[PDB]
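First comes one chain, alone, set out as structure tokens in the form deposited without the DNA.
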């Protein structure tokens, strides 16, 4: 397991060693992504050696126990922690109320790291580390498998390549930008400021 794709393995082996880790116990580790693709971008990782290397699509289909445990952490145990993190990344003026509708949770259909990781992130996609269409698309299309996706609605592996070829479009308003990733980025910034302006008075 010496591929760079195995680099997450350190967080579940020795979570006590990394400042990036904001919660762990015997079962899971909540860690900040080192290349955040939104203002807040966290990963929830199982520490189970027999689950960490299972593909997320096989997890969704055949490991509901784990799915339910992860959800219980996100929506229960760690909810307050995640909202506080969001306030640190966005604005302290934001309520859990407003943040709840500004966060998404799910797996990549074709992860790039080998250890199972659930993405927990704000919707903005305003971040320096979002650098190409593939990044953006991987979070705003069916390639992002929302944790509440029914098994019957899981994406087909074969058809996954075609998503990354399509014009860029804003997730919030649907405006398209062709392949002008740079124009998309400027617009995402505009969308975030708008959401933030509306939301801080609430």
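Residue numbers count along the first chain shown, from 1. Only residues modelled in both forms are compared. Superpose the two forms; the largest set of C-alphas matching within 1.5 Å is the rigid core.
Missing here is the form deposited with the DNA bound; even so, the following discussion is about that form.
- Put simply, residue 9 is far from the DNA in the bound PDB entry: not one heavy atom of it is within 4.5 Å.
- In the bound PDB entry, the DNA lies farther than 4.5 Å from every heavy atom of residue 187.
- Looking at residue 92, you'd find every heavy atom of it more than 4.5 angstroms from the DNA in the bound PDB entry.
- At the 4.5 Å threshold, heavy atoms of residue 14 stay clear of the DNA in the bound PDB entry, well away from it.
- Only one of 62 to 70, 49 to 57, 33 to 41, 147 to 155 lies within 4.5 Å of the DNA in the bound PDB entry by heavy atoms, and it is 33 to 41.
- Residues from 134 to 168 that approach the DNA in the bound PDB entry with a non-hydrogen atom within 4.5 Å are limited to 135.
- Comparing C-alpha positions between the shown form and the other one after a rigid core fit, one residue in 176, 65, 151, 159 moves 2 angstroms or more. It is 159.
- Displacement of the C-alpha atoms by 2 Å or more across three or more consecutive residues between the shown form and the other one, following core superposition, is confined to the single run 157 to 161.
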